[PDB]
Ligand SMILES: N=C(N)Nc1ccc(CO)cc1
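In structure tokens, one chain follows: the form deposited without the named molecule.
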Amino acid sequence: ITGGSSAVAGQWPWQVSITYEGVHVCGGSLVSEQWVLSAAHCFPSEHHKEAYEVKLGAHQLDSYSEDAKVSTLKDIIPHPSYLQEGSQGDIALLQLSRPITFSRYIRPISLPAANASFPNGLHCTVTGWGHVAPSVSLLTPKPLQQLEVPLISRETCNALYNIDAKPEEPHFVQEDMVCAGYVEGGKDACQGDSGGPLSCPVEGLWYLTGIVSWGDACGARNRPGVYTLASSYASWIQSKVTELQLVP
């Protein structure tokens, strides 16, 4: 996250770190005792499931915390519609090897209904442990970063992405996507933040409005972060979670 601030410990208790071979690659969101939502682009099919970990209840990644917990994965389920980079369906369900126990530091985020609408301009928050500036990693001990971002329609977002666009870097905000951020530079998600939550405040609660789909723009002008709408996958998520629910 560039142009944001350090969160306080436990402020975003659904935020997880996803590692591959011990290295943080993406964010994710805890949504139940055994499920994490992240982005499909974070999980190429050639990668081995057993090489991933999920770190929950963390604030400073490099600091020891008795409140943090680390898990492996039993399954990685990208949405079947996801094809190449940039395609619709950039969302994945990650099944933890064992269910975790909720705590004040480890809590699920509420999922929006299929028909839940979040209005243009709503001030949501994106969080993550990604770069704090282009090509510049968050320094040890790596406190979780947060940034307030107003929602931007996919239509406005597409027109912005077309300003000084390059054929070598194609972008299209799909029908299952929304944007959030600023027309001017300096405040957005960066490499390492993708897969993480866009958390929106509605009627006293917080909802997982979006999952960072394209978050590598890192504060470039006319490049607000692109997010997969969780509402577009409410039906699929409920189907998977219900069929695969564990014994209590």
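Just count from 1 along the sequence shown to find any residue number.
If you look for the form solved in complex with the named molecule, you will not find it shown, but the lines that follow are about it.
Remark: blocked binding site. Placing the named molecule in the entry with it bound onto this structure by local C-alpha superposition gives 3 or more atoms within 2.4 Å of a backbone or C-beta atom. Note that among 185 to 193, 199 to 207, 64 to 72, 51 to 59, the stretch whose heavy atoms approach the named molecule to within 4.5 Å in the entry with it bound is 185 to 193.
When contacts are judged by a 4.5 Å heavy atom cut-off, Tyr161 counts as touching the named molecule in the entry with it bound. Remark: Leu37 does not count among the residues lining the named molecule in the entry with it bound, judged by a heavy atom distance of 4.5 Å or less. Contact annotation for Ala217: at least one heavy atom lies within 4.5 Å of the named molecule in the entry with it bound.
In the entry with it bound, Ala217, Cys218, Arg223, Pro224, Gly225 are the residues of 217 to 237 with at least one heavy atom within 4.5 Å of the named molecule, listed from first to last.
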